[PDB]
Amino acid sequence: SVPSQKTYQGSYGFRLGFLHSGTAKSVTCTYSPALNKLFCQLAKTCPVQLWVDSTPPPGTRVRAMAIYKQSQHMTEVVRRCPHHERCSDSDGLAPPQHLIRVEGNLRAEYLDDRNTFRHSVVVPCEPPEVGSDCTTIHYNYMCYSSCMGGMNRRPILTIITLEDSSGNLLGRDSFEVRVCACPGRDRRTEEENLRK
Ligand SMILES: CCn1c2ccc(C[NH2+]C)cc2c2ccc(-c3cc(C)cs3)cc21
Ligand SMILES: [Zn+2]
């Protein structure tokens, strides 16, 4: 009824990482460690790093899913709003209803869960390229947090799960997301509110 959001490194020491993009007015995606919150513009690239301490088996996958953060909305499926689900901006793979897309991975699979109706996007887990220390997935969020009839100003969390080939849990991490016009300014405002 509600997916777990408990952080779980598991046997492979799985966790996320984020770039340090700053808070200039021009920034399109920026992560706040103090808030555990990603701020991004609509349909812009959000790089999310995957870190492990040891190599998981072939066939391991990485799934992303959004849920509402507030308990009174947690059972509602997070989906694109009535406008954006009809705006014909598909990449030829993501269903138009899905909030979260993976950019530039032809092996991405999009699931409409037959029992919970929740949306998710899953890719094969891959090792870092030679010369790199981690692997990065590029996500896009396809509605604003404010979209009426959709998220409608309700905060969401993205849950990233490391899964075996059957879909069993190997690791879990999560972060709040705000999709907004000015992520740099909103990160500064919310960090100031937190300090106050
Ligand atoms: C989570 C992404 N990922 C990593 C992230 C950080 C580091 C540490 N670098 C210093 C190593 C790996 C790593 C090693 C192997 C694999 C895989 C191998 C196979 C066969 C499938 S995935 C994935 C990996
Ligand atoms: Zn929308």
Side-chain angles (χ1 to χ4, degrees), residues 7-19 28 38-44 46-64 66-68 73 76-91 94-110 119 121-128 130-156 158-175 177-183 186:
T7 299
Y8 174 56
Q9 289 209 350
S11 301
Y12 304 102
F14 176 70
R15 71 279 188 183
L16 304 176
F18 298 87
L19 301 176
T28 64
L38 187 70
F39 297 79
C40 61
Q41 286 177 351
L42 174 69
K44 299 280 197 291
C46 298
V48 178
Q49 301 175 340
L50 311 178
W51 292 89
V52 290
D53 294 326
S54 56
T55 294
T60 301
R61 301 207 293 176
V62 183
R63 185 178 303 276
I67 64 169
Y68 287 111
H73 302 295
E76 180 176 339
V77 172
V78 178
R79 58 172 62 260
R80 291 179 89 191
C81 75
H83 166 66
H84 281 118
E85 74 165 10
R86 297 183 67 241
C87 72
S88 302
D89 59 5
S90 94
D91 56 7
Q97 303 95 323
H98 280 221
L99 175 70
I100 305 179
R101 300 182 184 174
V102 169
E103 251 188 304
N105 190 331
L106 301 176
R107 285 161 91 195
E109 296 178 5
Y110 290 85
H119 305 162
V121 54
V122 60
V123 297
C125 185
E126 272 172 300
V130 174
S132 180
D133 286 326
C134 67
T135 298
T136 301
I137 298 176
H138 299 107
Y139 291 108
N140 297 155
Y141 292 83
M142 303 300 304
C143 260
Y144 286 115
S145 290
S146 63
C147 276
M148 61 176 76
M151 287 181 284
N152 190 29
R153 287 175 200 295
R154 295 175 288 180
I156 60 158
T158 297
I159 302 164
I160 307 294
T161 46
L162 192 69
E163 297 180 345
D164 71 17
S165 60
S166 290
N168 300 310
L169 171 74
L170 301 176
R172 193 188 294 105
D173 203 344
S174 63
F175 53 99
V177 181
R178 171 177 174 80
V179 188
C180 55
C182 310
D186 288 351

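These values consider heavy atoms only, across backbone and side chains, with no hydrogens, waters or symmetry-generated copies. Read the numbers this way: they start at 1 and go in the same order the structure lists the ligands and their atoms. Numbering of residues begins at 1 and proceeds along the displayed sequence.
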Pair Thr158-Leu38, side-chain contact (heavy atoms from CB on, under 4.5 Å): steps then yes or no: CA-CA 9 Å; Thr158 297; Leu38 187 70; over 6 Å; no
Protein residue, atom and distance nearest to [atom], heavy-atom basis:
{"atom": "atom 19 (C) of ligand 1", "answer": "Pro56 O, 3.9 Å"}
{"atom": "atom 22 (S) of ligand 1", "answer": "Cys125 O, 3.2 Å"}
{"atom": "atom 14 (C) of ligand 1", "answer": "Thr55 OG1, 3.4 Å"}
{"atom": "atom 13 (C) of ligand 1", "answer": "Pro128 CD, 3.4 Å"}
{"atom": "atom 5 (C) of ligand 1", "answer": "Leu50 O, 3.3 Å"}

Nearest non-hydrogen partners of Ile160 and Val62, listed with the distance: CG2-CG1, 3.6 Å
So, do [X] and [Y] sit near enough that their side-chain heavy atoms are less than 4.5 Å apart?
{"X": "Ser145", "Y": "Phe39", "answer": "no"}
{"X": "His138", "Y": "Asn105", "answer": "no"}
{"X": "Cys125", "Y": "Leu162", "answer": "yes"}
{"X": "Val121", "Y": "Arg101", "answer": "no"}
{"X": "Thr60", "Y": "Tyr12", "answer": "no"}

Angle, SG of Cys81 through the Zn ion (ligand 2) to SG of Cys147 - 10° precision: 110°
Plane angle bin for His98 and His119 - parallel if under 30°, tilted between 30 and 60°, otherwise perpendicular: parallel
Atom indices of ligand 1 within 4.0 angstrom of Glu126 heavy atoms, with elements: 2 (C), 3 (N), 22 (S), 23 (C), 24 (C)
Numbered atoms of ligand 1 (with element) below 4.0 Å of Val52, judged on heavy atoms: 1 (C), 3 (N), 4 (C), 5 (C), 6 (C), 7 (C), 8 (C), 11 (C), 12 (C), 13 (C), 24 (C)
Atom name of the N, O or S atom in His84 that lies nearest to the Zn ion (ligand 2): ND1
Closest to atom 7 (C) of ligand 1 (judged by heavy-atom distance), picking from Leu162, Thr136, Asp133, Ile137: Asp133
Proximity flag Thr60 to ligand 1, non-hydrogen atoms under 4.0 Å: no
